[PDB]
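Just one chain is shown here, as structure tokens, and it is the form solved without this ligand.
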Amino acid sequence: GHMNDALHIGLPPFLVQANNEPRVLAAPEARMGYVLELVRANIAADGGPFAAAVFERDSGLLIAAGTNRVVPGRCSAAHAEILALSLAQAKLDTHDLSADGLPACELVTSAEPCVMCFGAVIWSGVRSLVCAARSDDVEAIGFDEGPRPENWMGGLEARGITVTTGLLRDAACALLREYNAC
């Protein structure tokens, strides 16, 4: 809500809980299954059908999670990725996730990022991005990726951020089609 002295984006109960309960998920598909549970919880708490979480890349320790809170939060910058990366940085007391001595961080996200989130992933210091639904899956339910540069993935890769896509794509599309139906 509106504050005088802060930008303040409140989080619904499931998301506060997700950011404060201990969770180590070693396998990539474990990490992505949990992110898709957050998608489902978010849809039920009036949010867009997107979620993301920052994990320690090797251990799979969950550091923070975010979901689309654009409409209920009255904030167009409130995509899953922005919240997940920002909360991870708050937790780790730094604006730079690749700060010396911090373990390598990974953003596991329900769908390929829009142009804003593409830039946010670059500045964040995460070293790895893993996506489920593809860009055309997102467009097919009326979400816009915006004008991203051509070869956005190679843009990430050239800056030391490894990119995997398509992970539990079909599971993520099931939740997208469902949001679009309702």
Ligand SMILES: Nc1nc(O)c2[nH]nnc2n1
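For every residue, the number given is its place in the sequence shown, counted from 1.
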Output the stretch having the higher mean C-alpha B factor in the entry; the candidates are 166-174 and 5-13.
-> 5-13
Taking the deposited Cα B-factors and averaging over 112-120 and over 151-159, the higher mean is found in 151-159
On the chain's distribution of Cα B-factors, residue 88 falls within the third called middle
Name the third of the chain's ranked CA B-factors that contains residue 71, choosing lowest, middle or highest.
-> middle
Residue 33 - which third its CA temperature factor falls in, relative to the rest of the chain = lowest
For residue 143, the third of its chain into which the C-alpha B factor falls | highest
Among the modelled residues of its chain, does the C-alpha B-factor of residue 106 lie in the lowest, middle or highest third?
-> middle
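We do not show the form deposited with this ligand bound, though everything after this point is about it.
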Note which of 114, 63, 41, 153 lies within 4.5 Å of this ligand in the entry with it bound, where distance is taken over heavy atoms; exactly one does.
-> 114
Does every residue of 25, 88 and 105 put a non-hydrogen atom within 4.5 angstroms of this ligand in the entry with it bound?
-> no
Heavy atom of residue 145 within 4.5 Å of this ligand in the entry with it bound | yes
Although this ligand is absent from this view, report whether residue 55 comes within 4.5 Å of it in the entry with it bound, heavy atoms only.
-> no
In the entry with it bound, residue 36 touching this ligand (heavy atom, 4.5 Å) = no
Can you check whether residue 120 is within 4.5 Å of this ligand in the entry with it bound, heavy atom basis?
-> no
Can you name the residues of 43-75 that have a heavy atom within 4.5 Å of this ligand in the entry with it bound?
-> 50, 68, 70
